[PDB]
Structures are given as structure tokens and as C-alpha cells.
Amino acid sequence: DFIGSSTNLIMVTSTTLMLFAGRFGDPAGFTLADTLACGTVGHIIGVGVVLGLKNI
Amino acid sequence: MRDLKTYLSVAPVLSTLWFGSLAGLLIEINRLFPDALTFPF
Amino acid sequence: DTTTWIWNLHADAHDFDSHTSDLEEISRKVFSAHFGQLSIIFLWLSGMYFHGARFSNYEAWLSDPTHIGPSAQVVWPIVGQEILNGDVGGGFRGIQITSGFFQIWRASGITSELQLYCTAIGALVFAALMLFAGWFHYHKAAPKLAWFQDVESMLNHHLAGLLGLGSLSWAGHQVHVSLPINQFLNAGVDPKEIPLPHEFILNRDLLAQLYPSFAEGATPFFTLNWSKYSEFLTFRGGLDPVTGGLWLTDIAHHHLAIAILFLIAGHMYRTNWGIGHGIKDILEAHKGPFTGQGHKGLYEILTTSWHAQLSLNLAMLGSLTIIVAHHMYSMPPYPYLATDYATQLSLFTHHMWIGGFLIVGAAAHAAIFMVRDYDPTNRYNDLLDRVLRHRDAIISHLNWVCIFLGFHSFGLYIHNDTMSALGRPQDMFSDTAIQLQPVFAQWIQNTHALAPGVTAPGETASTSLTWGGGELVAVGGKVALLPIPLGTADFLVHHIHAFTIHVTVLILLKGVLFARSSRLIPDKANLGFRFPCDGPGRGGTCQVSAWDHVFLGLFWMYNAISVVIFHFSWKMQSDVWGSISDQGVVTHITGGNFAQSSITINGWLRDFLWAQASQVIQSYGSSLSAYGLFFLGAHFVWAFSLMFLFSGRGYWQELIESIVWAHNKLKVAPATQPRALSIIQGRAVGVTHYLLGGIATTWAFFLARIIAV
Amino acid sequence: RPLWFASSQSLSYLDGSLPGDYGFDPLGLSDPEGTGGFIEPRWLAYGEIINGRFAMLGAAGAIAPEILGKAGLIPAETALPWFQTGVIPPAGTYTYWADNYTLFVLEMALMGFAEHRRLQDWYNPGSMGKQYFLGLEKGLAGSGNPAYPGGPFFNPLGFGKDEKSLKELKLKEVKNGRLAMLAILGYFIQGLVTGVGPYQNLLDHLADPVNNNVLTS
Ligand code: CLA
Ligand code: CLA
Ligand code: CLA
Ligand SMILES: CC1=C(/C=C/C(C)=C/C=C\C(C)=C\C=C\C=C(C)\C=C\C=C(C)\C=C\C2=C(C)CCCC2(C)C)C(C)(C)CCC1
Ligand code: SF4
């Protein structure tokens with residue numbers, strides 16, 4: 001039902017892009033804390049974008 | 001212990017116990033013989 | 001040996017820096033002392049919660065808040081003192097309380113006396129737990145110094161955990177308990193018929209009936225369809241017409257937002273995992289355009305000293321308390337608080353005094369740090385050095401501002417008084433002859449009134465009703481809040497406030513800056529933070545220490561705070577509070593005489609002090625006679641303080657010498673030789689009694705006046 | 001040896017003397033610096049072992065009554081889920097030969113004897129075999145290691161005569177304990193969320209795997 005809507009794609013892209021920007025054991029030393037932080041930041045960015053776009 | 005007795009005999013604690021007993025007694029007479037101005041004896 | 005040892009025993013009881021020179025032991029003692037204070041606070045809360053369950057008329061008040069006076073204390077009938085059990089209504093006799101505890105309980109959803117008993121038992125258990133924790137953490141498992149100096153971890157936990165999660169938990173409680181119970185109470189439902197709070201959690205259709213959004217469950221939160229929760233998460237603004245307080249939905253939304261913001265803010269400082277900033281790096285790297293080098297060296301100062309941290313925290317807490325006092329009278333957060341005038345006057349005066357005391361403490365501890373912990377060799381900081389290198393320019397300019405403000409704020413009152421006495425009312429500074437209008441404040445009021453609908457599209461009403469342009473609010477025939485006019489009378493008193501604040505700042509800052517040395521005594525640092533004098537040389541060096549500067553600043557703090565509370569009391573009694581008839585005519589308590597009578601010193605003596613003190617002096621024989629007894633007793637203490645302030649030490653030592661001779665004559669001479677009080681102690685005794693007498697007099701006057709009318 | 005999320009700080013002190021050591025300690029609770037109170041590596045290992053043993057008992061005990069009830073081995077009156085056997089009176093109760101509180105007192109007395117003896121052995125070694133205790137003090141002397149007392153009372157079958165076998169058995173014991181603690185946490189969470197017995201949850205999932213998942217609940 002919800003899968004495939006605008007919100008899902010928007011926040012999936014936000015999280016993936018933030019993780020990719022953060023990165024660019026693990027070859028590069030990307031600590032799990034870094035992954036959690038980047039995913040979190042992507043989530044706040046996506047939530048703010050979706051809430052703002054949903055109004056207009 | 002001995003230290004318990006020594007701390008109990010210090011001036012503040014002994015004075016507080018004495019004054020509390022005194023106040024209780026005075027309230028007892030004031031309750032038993034209320035509103036007293038003259039000796040009827 | 002002598003009697004000064006007894007006095008010295010209690011004077012240095014909590015000075016851990018004098019006992020030992022090891023930072024670890026001082027830190028451990030501080031931790032345990034904090035635990036003990038927390039235990040005492042929990043015991044106090046337990047007592048307050050228990051007394052309202054057994055010796056109070058809470059239920060009767062809950063069935064009729066407007067016409068019943070709250071009460072939680074009852075007196076034993078021993079010496080005829082049972083006259084203090086007045087008729088407060090609800091078939092109850094006792095002392096009327098003014099701490100606003102009933103409003104808190106009503107806003108929290110409490111409906112019966114069974115919940116208060118459970119809260120009291122829980123608080124007592126918590127007090128016992130805190131006492132045991134203090135004992136354990138001092139005697140069994142005492143932390144190391146390196147644990148206390150991890151200030152990056154302390155800030156993270158104290159922001160995310162203590163403040164971030166507390167707001168979220170309280171928002172949850174509000175949403176789940178306080179909103180439905182208050183909605184039921186506001187609907188006229190009898191309190192004993194309201195369902196218990198757990199019925200809302202267990203039965204969901206009951207909550208769905210009041211708020212349909214609860215039928216959808218938690219799915220809209222995850223789907224980002226947050227508009228569905230607008231039933232109980234609003235942005236209305238203004239006061240509730242039924243009760244006179246803020247909407248509880250606004251409070252719930254506010255606490256949710258605050259919790260999220262604090263949780264976000266708690267992930268800033270670096271810890272073991274290497275993400276986040278370090279405080280030392282932020283301080284060092286910061287170099288703006290005029291600082292130059294920067295704040296390099298403050299991290300060591302603030303991590304190796306307890307007095308600097310105490311001073312900073314005290315200043316911040318005092319300012320916060322004053323802000324809290326200002327923000328609660330204009331935007332009443334609890335139901336049935338605005339229209340209950342006795343509590344409103346008592347809550348404003350309490351926090352003002354607390355804030356003033358905490359600010360003076362901040363100044364004192366800054367002086368202590370400067371005297372003791374200052375070290376230019378090992379803990380050099382540039383900004384402090386530059387401030388110390390031009391202290392003559394700072395004080396002399398602050399001295400000028402005080403004179404200018406004092407002249408141009410008090411000479412106006414004196415000129416008004418003289419012109420009134422000479423039969424020339426057309427030459428005074430008033431609304432009819434010469435106007436000094438506060439134009440900036442009026443512009444601010446107009447802007448804030450017009451802000452909704454233009455600059456705040458989501459707002460349906462203004463934040464407060466003090467900004468002119470709103471509508472009057474009436475609850476139970478009384479006035480809750482209405483726009484407050486500003487005129488020439490409000491121009492002068494604000495500048496009085498500014499003058500007094502500036503003088504207090506001058507005294508305290510001069511003490512702090514000249515704590516280490518001055519042109520008179522170059523070696524004042526070696527003499528100590530608390531010493532009486534340096535002899536009668538150089539013409540006289542009485543009261544040169546920083547302790548004496550704090551002692552002088554206490555008097556001015558008391559002088560400054562007293563004018564604020566008088567201003568608040570008269571302005572609110574004359575311009576806001578009152579009653580409304582059935583046709584909509586407002587009759588204030590004093591009929592709006594603040595505008596014309598508060599411009600001369602005679603008006604405050606005749607229309608405020610003389611006219612409003614007739615309630616306390618006629619309280620004999622009634623249930624308010626305790627206030628009449630405390631009114632006279634406080635004058636005695638205030639006048640008794642003057643013996644220590646005006647006199648010296650030699651006279652009393654000689655008098656005690658004669659007394660000791662008379663005792664020696666009869667073999668009743670004590671082996672502990674009597675001694676008169678020291679020079680410093682005689683000063684400390686006087687100011688304590690002075691403040692106690694003044695504050696008690698004002699307290700009795702206010703409480704006896706406002707309860708009767 | 002295999003390493004599971006090991007870190008440089010944690011590898012400094014977790015040499016490998018403990019059984020089943022994988023180097024996993026992201027929070028560094030067992031760091032030998034600033035040891036005090038109950039944060040001590042020996043006490044932490046002892047607590048882990050004891051919690052594991054109790055969890056391995058409880059994980060089988062909670063699900064045993066439901067297993068046999070479906071097979072008809074026991075009367076249906078005793079085929080109750082783990083949260084309806086009188087542990088939580090609001091959730092339901094069963095009437096035994098005595099009410100719950102006297103059972104509680106009897107349990108407290110017996111286990112108080114047992115646990116106080118164990119604690120006294122932990123504090124000072126070998127002192128539980130000196131004072132006369134109905135003539136049973138001969139076998140309760142212990143073996144110098146608090147978590148592995150040994151002796152005729154606790155090791156009757158004579159397992160682990162060699163050190164290698166003992167080490168392998170210790171490793172297996174700690175692995176089973178960790179699995180059981182995870183299982184007990186799952187028990188609690190499933191009981192709180194679904195509201196039925198864990199065996200009922202497994203049967204429901206097996207009946208229709210595509211439907212009875214976390215997503216639908
Ligand atoms: C968090 C708050 C806080 C803390 C932890 C401290 C801690 C400290 N202060 Mg301090 N202070 C504070 C707030 C605080 N202060 C504030 C707000 C002020 C401004 C008024 C001051 C003003 C101040 C001064 C002026 C001095 C200190 C000093 C000290 C140190 C020694 C204190 C001592 O020995 O007290 C001992 C405790 C007492 C003497 C008890 C006082 C009793 C009061 C005054 C009477 C109360 C009457 C009561 C209502 C009636 C009871 C009746 C009953 C007896 C029957 C200690 C580190 C001293 C220092 O460091 O010198 C080197 C010092 O000289 N402080
Ligand atoms: C038992 C001890 C004791 C005795 C026998 C006396 C006797 C005397 N005092 Mg005196 N005094 C005492 C204690 C005592 N004092 C104490 C403790 C103080 C300090 C508060 C004073 C302060 C004092 C002053 C200021 C003056 C006297 C004066 C006098 C003489 C005038 C008569 C009189 O009663 O004055 C009145 C005495 C008082 C009002 C003192 C108050 C009584 C106190 C509270 C009693 C304390 C008893 C003590 C707890 C004993 C404990 C015993 C225990 C160990 C068993 C008289 C010789 C006067 C005099 O002639 O010049 C020297 C005078 O001007 N006294
Ligand atoms: C400001 C309060 C405070 C602070 C800063 C500390 C700080 C500390 N305590 Mg401590 N403690 C406190 C209060 C506090 N305690 C209280 C009130 C008690 C009760 C007496 C204890 C009992 C206690 C013991 C027994 C021990 C410590 C220890 C420690 C140290 C190690 C803690 C650690 O690594 O985490 C360890 C953290 C955990 C293992 C997680 C436990 C999580 C708890 C159980 C959850 C709390 C649930 C809570 C009640 C929910 C409330 C719900 C609501 C209904 C009220 C640390 C210095 C230990 C030490 O070595 O001292 C140096 C130690 O052995 N503390
Ligand atoms: C390639 C690869 C990979 C990858 C992966 C990944 C990349 C993942 C990721 C993921 C992630 C990395 C995620 C994350 C996330 C996080 C988070 C998400 C957190 C948190 C958050 C929060 C808690 C929030 C909240 C909130 C709320 C509730 C309200 C308000 C708003 C907000 C939002 C703030 C793998 C490994 C597979 C394999 C190998 C290769
Ligand atoms: S004796 Fe008294 S007046 Fe003289 S210098 Fe000292 S404090 Fe001042």
C-alpha cells in the first residue's frame with residue numbers, strides 16, 4: 001500500500017545519499033557510529049523535506 | 001557504643017532533649033489547668 | 001579555651017577546600033553533599049503530598065474551585081490557638097494555603113485522595129534510597145578524579161537523558177492521562193464519576209470517543225501523516241475560557257517539541273567513539289576579529305576549580321528564576337490560577353527573592369575564586385588579564401552611570417512632590433502636564449498584538465493578553481487577564497529599577513575586580529578573602545575585603561527587589577484584578593489610582609502603604625490574626641538588627657569584663673572564657689536580622705491584604 | 001581465536017583466560033581501570049555464569065507445560081502458558097495446596113539458606129566446610145573457584161577429569177547460557193506484545209508463515 005509513494009522514495013534517497021556522502025574490518029575505517037550518525041542525519045533531512053513538501 | 005553515649009552528652013543534643021521535655025511538661029499543665037490567672041489554693 | 005571556638009565550628013563546617021588540599025576528596029564530599037540535599041528535598045515533597053491527602057479539603061475544592069479556599073493545615077486546640085481554624089468553605093476549617101498545590105494536582109489529573117497517599121509513600125522511599133546512595137558513594141565506592149573531569153560525557157547525559165527524556169515522558173503522561181480527565185472535568189462531570197486513568201489505556205474506544213484520532217493507532221506517526229494528530233496537538237494560543245489557563249494540548253505539543261530538540265542537542269560533544277566536538281578544541285580554535293588569540297586557557301580553569309563553576313551556575317540559575325517569575329503571571333499555565341489572586345501574588349514574590357539571593361552568591365563565589373584559585377603562572381588566561389589591566393576605566397564609567405540614573409530618576413519624583421506641594425500641578429511630569437511616554441514599549445505591544453495573522457499564520461490568538469488589542473477574560477465573575485496600559489507612571493519606575501540594578505552591579509563588580517589588590521593595599525591577596533580591615537592607617541581601611549563588598553551588596557539587592565514587588569502589587573491591584581458585573585462593567589480593587597497617585601513619594605506613603613495596611617492591623621480576633629502577630633514581630637527583628645550594625649566590639653568586651661568580674665565574685669566563673677563576637681561576625685549577624693525582618697514584614701503585609709480582599 | 005566486534009581497548013585486558021571470550025566489549029564495562037562496587041571483572045564473569053544457568057533452567061521450564069499439553073500427556077487444567085500459572089495474579093491464577101504467599105515465604109527461606117551459603121563461600125574461600133552442618137560440611141568445601149565448586153555434591157558423575165575436556169565443556173556451557181538468556185528476553189517481549197504463549201506463537205507462525213509475522217502485529 002504505502003510502498004512506492006513519494007515519501008518512501010524521498011527518504012530512501014535522502015538516507016542513501018547522506019550515507020554515500022559520509023563514506024566518500026571496513027577498508028576505509030567507516031565505524032558503525034559513523035553509519036548510525038549519517039543514517040540519522042539523512043532521516044531528519046528527509047522528514048523535514050517531506051513535511052515541508054506535504055504542505056504545498 | 002561509647003561514642004554513641006559521648007555524642008549524646010554533647011551540649012546541643014542534651015539541651016534539645018531537656019527543652020523538649022520541658023515544653024511537653026508545660027503543655028501538660030496548660031492542658032490540665034487551662035485559663036489560669038490566680039492560685040485558688 | 002574561649003567561646004570563639006564554638007562560633008568558628010559552625011562557620012567552616014562546609015568549607016572543604018580549607019580542610020584538605022586534594023581535589024579528589026573535595027569532589028567526593030561535594031557528591032555526597034548533593035545526595036543529602038536531594039534526600040531532604042524528596043522528604044519535603046513527601047510531606048507536602050501527604051498533608052494534602054489527610055488534612056485538606058481537596059475534593060470539595062475540586063467540586064467547586066471558585067468559591068472554596070484551598071487549605072492543607074490544621075491546628076491543635078491547646079492554648080486557645082484554634083482561632084486560626086477559619087471557615088474556608090467546603091465544611092472544613094483550617095489555614096488557607098497559597099502555594100498553588102491544588103492547581104498542580106488538578107492539572108495532573110488527580111481526582112481522589114488515594115493517589116496522593118501513593119505519591120507520598122513513593123517519595124519517602126526515594127528519600128531513603130538517596131540517603132543510602134550518598135552513604136554508599138562516599139564510604140564504599142568513591143569515584144576517582146578522572147571520572148569527575150569528563151565534562152563531555154556529563155553534558156551529553158544531562159542534556160539527552162535528564163532533560164531530553166524527562167520532557168518526553170511528561171508529554172506521554174499528559175497525552176495519556178491529563179487531557180481526557182481534564183476534558184471530563186471541564187464538561188461538568190462530577191469528579192467521582194470520572195473513569196480511572198488506566199481505563200483510558202486499557203479501553204481504547206473510550207479514548208476514541210473523545211478524540212477520533214486515537215482509533216487510527218500509531219500508524220500515522222510512522223507514515224508521516226502527522227496532520228491526523230491535530231485533535232490533541234494544537235497551536236491555538238491564548239487562555240482557556242472555561243478555566244483561565246493555557247490549553248493543555250498546547251502544553252503537550254510544547255513538551256514534545258522540547259524533548260525532541262534536547263535529544264538532538266545532546267549528541268554534540270565527543271566521547272570514546274570519536275564523533276562530535278571537543279570543548280577544548282572549540283574554545284581554542286575560536287578567534288574572532290577583536291579577541292585576537294582567543295579563549296585559550298579556560299578549559300583548565302573551569303575543570304580544576306569548583307568556585308568558578310559554582311559562580312557561573314548560580315548566576316544562570318538566578319536569571320532563570322527571575323525569568324520564570326515574570327513568565328508565569330502573564331501566561332497562567334494551571335487551571336483556576338489567574339482568578340485566584342492570593343496564589344498569584346505569592347508565586348511572583350517568592351522567585352524574585354530566590355533569584356536575587358542566587359545572583360549575590362554568584363558574585364561572592366567569583367570573588368572567592370579570584371582570591372584563592374587565581375594563578376597567572378600555571379593557569380594563564382588572556383581575557384582575564386586584559387580585564388584586570390584596565391579595571392580603573394570599568395569602575396569609573398559604571399560609577400558615572402549610577403549617578404546619572406539616580407539623579408534623572410529620583411529628582412523627577414522630588415520635583416513632582418515639590419510642585420504638588422507648592423500648588424502648581426501644571427508643572428509636574430504626569431499624563432496631564434508634561435508627558436514622558438514609553439513609546440518603545442507601546443510599539444512592542446502593538447507589534448505583538450498584530451503579529452498573529454500576519455507574522456504567525458499558524459497562531460489563532462496572541463501569546464498573552466497583556467499586549468493591547470485582545471479581549472477580556474472572565475472566570476466565575478472575576479477578572480483573569482486584560483491588556484495592561486503603559487503611561488508616564490510606568491516610565492519612572494522602570495528607570496528606578498534600572499538605577500537600583502546598576503548600583504548593585506557596581507558594588508559587586510568592584511569587589512570582584514579589586515579582590516586581589518588595589519592602590520591602597522598592594523598585598524590584599526595575602527590577607528585573605530574574609531578579613532575585617534588592615535588597621536587605622538592610611539586614614540582608615542575598614543571593610544576593604546571582598547566579603548564586605550558582598551555584605552554591602554546584599555542591602556542593595558534587598559532594596560532593589562522590594563521596589564519590584566511593590567510595583568507589581570499596586571499595578572495589578574489597580575489595573576487588572578477586579579470583578580465584573582452581569583452587564584460587563586469591570587470594577588478594579590483600588591479603582592485605577594496608580595496612574596495619578598504613583599508619581600509622587602506622598603502617593604506611595606498615603607495611597608499604598610497607609611491605605612493597604614488597614615487589613616493587617618485589624619486582623620486581631622479573626623482567623624488572620626497570625627499575620628497581625630507576625631507583622632509586629634518582624635519590626636522587632638528589623639530594629640534589633642541595628643544594634644550589631646551601628647556598634648563596635650571594644651565596648652561589649654569591656655562590658656563582658658565587668659560581668660565576668662561579678663561572676664568571679666561568686667565562684668560561678670566558667671572555664672570557657674566569654675568573648676564578644678568578632679568584627680566579621682558582628683556584621684554577618686546584623687544583615688541576617690535586617691533581611692529577615694524586612695522580608696517577614698512584607699510577607700505578612702501582602703498575605704493579610706490579599707486574602708481578605 | 002575468533003574476534004567479534006573486538007576493539008583495541010577491549011583486547012588489552014581480555015586476554016582469553018575466561019571461557020568463551022570473543023573480545024566483544026563496545027562499552028568497556030569490564031575495564032580494569034576504576035574498578036569498584038559491583039563493576040569488577042571477576043564479579044561480572046560470575047554474574048554472567050549464574051544468570052546463564054538460571055536462564056537455561058527457565059527457558060525449558062516455561063515452555064515445558066505447553067509442549068506436553070497439546071500431546072495429551074498432562075491434564076488441560078495444568079497446560080497453562082507461563083504467565084497464567086499464578087506468577088501474575090491479574091493475568092490468572094491456579095489453586096495449589098496453599099495460597100501464593102506461603103509458597104513465597106517457603107521459597108524465600110530455602111533459597112535464602114542456599115544463596116547465603118554461596119555468598120559466604122564467595123567472600124572467603126573454603127570456610128563452608130568447617131562449621132558443622134548436619135554432617136554435610138565435608139562435601140561443601142568448594143574448589144577455590146567460585147563459579148565451579150565441584151565436589152561430590154555438585155559433580156557426582158565425574159565429568160571433565162582432564163583440563164581440555166573441562167575447558168570445552170565450560171565453553172559449551174557459556175554458549176548455551178547466552179542462547180538461553182536471549183530466549184528468555186524473547187519470551188518476555190513476545191508475551192508482552194502478542195498476548196499468547198510462545199509455543200502458540202510458533203504454531204501460529206508455522207501454520208501461515210506469510211501472515212503471522214512481526215509486520216502484521
Ligand atoms: C548552591 C549554593 C551554594 C553553595 C553550595 C555554597 C557553598 C559555600 N559557600 Mg555560599 N552562598 C550562596 C550559595 C551557596 N554557597 C549564596 C546564594 C550566597 C549569597 C547570600 C552565598 C554567600 C556566601 C558567603 C558570603 C560565604 C559563602 C561561603 C561558602 C562556603 C562555606 C559555607 C559555609 O561554611 O556555610 C556554613 C553554614 C552556615 C553558616 C549556616 C548559615 C545559617 C543561615 C545564615 C541562617 C538561617 C536562619 C534560619 C532561617 C533560621 C533557623 C533557626 C534555627 C537555627 C533555630 C561553601 C563552599 C563562605 C566562604 O567560602 O568563605 C571562604 C562565605 O564567606 N557563601
Ligand atoms: C547557672 C549559671 C549561672 C549563674 C548562677 C548566674 C548568676 C548570675 N548572673 Mg549570669 N549568665 C549565665 C549563667 C549564670 N549566671 C549565662 C549562661 C549567661 C549567658 C547567656 C549569663 C549572662 C549574664 C548577664 C548578661 C548578666 C548575668 C548576671 C548574673 C548575676 C545576677 C543574677 C542573675 O540571675 O542574673 C540574670 C542572669 C541571666 C539572665 C542569665 C540567664 C540564665 C541562664 C540561661 C541559665 C543557664 C544555666 C546553665 C544551663 C547551667 C547548666 C547547669 C547544668 C550543667 C547542671 C548572677 C550572679 C548579671 C550581673 O549581675 O552581672 C554579671 C548580668 O548582667 N548573667
Ligand atoms: C546522580 C545519581 C547517580 C550517579 C551519577 C551515579 C553514578 C555511578 N554509580 Mg550509582 N547509584 C545511584 C545514583 C547515582 N549513581 C543511586 C540512587 C543508587 C541506589 C543506591 C546507586 C547505586 C549504585 C551501585 C550499587 C553501584 C553504583 C555505581 C556507580 C558508578 C558506575 C555506574 C556505571 O558504570 O553504570 C552502571 C549502570 C548499569 C549497570 C545500568 C543499571 C540500570 C538501572 C538498573 C536502571 C534504573 C531503573 C530506574 C529505577 C527506572 C525508573 C522508573 C520510574 C518508575 C522511577 C557511577 C559512578 C557502581 C560502582 O562501581 O560505583 C563506583 C555500583 O556498583 N551505583
Ligand atoms: C553496501 C553494503 C552494505 C550496506 C548497508 C548499509 C549502507 C546500511 C545502512 C543503514 C543505516 C546506516 C541506517 C541508519 C539509520 C539510523 C537512524 C534512523 C537513527 C535514528 C533516528 C532517530 C532516533 C530519529 C527520530 C526522530 C523522531 C522519532 C521524531 C523527530 C524526527 C526524528 C527523525 C529526529 C551491507 C552492510 C549490507 C553489506 C556490505 C556492503
Ligand atoms: S578596629 Fe574597627 S574601625 Fe578600626 S580599622 Fe579595624 S574594623 Fe575598622
# chains A, B, ... in the order shown; residues from 1 in each chain; ligands from 1
>>> residues_near_ligand(ligand="ligand 5", cutoff="9 Å", atoms="only C-alpha atoms and all ligand atoms", output="NGL selection string")
:C and (532-537 or 540-543 or 648-650 or 679-680)
>>> select_by_dssp(residues="region 333-531 of chain C", states="strand (DSSP E)", output="VMD selection string")
chain C and resid 473 to 475 478 to 481
>>> write_last_selection(atoms="N, CA and C atoms", output="JSON list (two decimals), in the first residue's frame")
[["chain", "number", "residue", "atom", "x", "y", "z"],
["C", 473, "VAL", "N", -10.99, 38.37, 29.65],
["C", 473, "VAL", "CA", -11.31, 37.00, 30.02],
["C", 473, "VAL", "C", -11.86, 37.00, 31.44],
["C", 474, "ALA", "N", -13.03, 36.39, 31.62],
["C", 474, "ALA", "CA", -13.70, 36.33, 32.91],
["C", 474, "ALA", "C", -13.98, 34.88, 33.27],
["C", 475, "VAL", "N", -13.63, 34.50, 34.50],
["C", 475, "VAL", "CA", -13.90, 33.16, 35.01],
["C", 475, "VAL", "C", -14.58, 33.31, 36.36],
["C", 478, "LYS", "N", -14.85, 36.92, 38.05],
["C", 478, "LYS", "CA", -13.62, 37.63, 38.35],
["C", 478, "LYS", "C", -12.83, 37.88, 37.07],
["C", 479, "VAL", "N", -11.92, 38.83, 37.15],
["C", 479, "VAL", "CA", -11.08, 39.20, 36.01],
["C", 479, "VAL", "C", -9.81, 38.36, 36.05],
["C", 480, "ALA", "N", -9.51, 37.69, 34.94],
["C", 480, "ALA", "CA", -8.32, 36.85, 34.83],
["C", 480, "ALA", "C", -7.15, 37.58, 34.18],
["C", 481, "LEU", "N", -7.37, 38.21, 33.03],
["C", 481, "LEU", "CA", -6.30, 38.91, 32.33],
["C", 481, "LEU", "C", -6.91, 39.87, 31.32]]
>>> residues_near_ligand(ligand="ligand 2", cutoff="12 Å", atoms="only C-alpha atoms and all ligand atoms", output="PyMOL selection string")
(chain B and resi 9-12+14-16+18-19) or (chain C and resi 3+652-653+655-676)
>>> interface_residues(of="chain A", to="chain C", cutoff="12 Å", atoms="only C-alpha atoms", output="ChimeraX atom specification")
/A:1-3,5-8,11,30-38,40-41,43-44,46-55
>>> atom_distance(atom1="CA of residue 42 (chain A)", atom2="CA of residue 277 (chain C)")
19.8 Å
>>> interface_residues(of="chain B", to="chain C", cutoff="10 Å", atoms="only C-alpha atoms", output="list in words")
residues 27, 28, 30, 31, 34 and 35 of chain B
>>> residues_near_ligand(ligand="ligand 3", cutoff="7 Å", atoms="only C-alpha atoms and all ligand atoms", output="PyMOL selection string")
(chain C and resi 129-130+132-133+137+141-143) or (chain D and resi 29+35-39)
>>> atom_distance(atom1="CA of residue 23 (chain A)", atom2="CA of residue 159 (chain C)")
28.6 Å
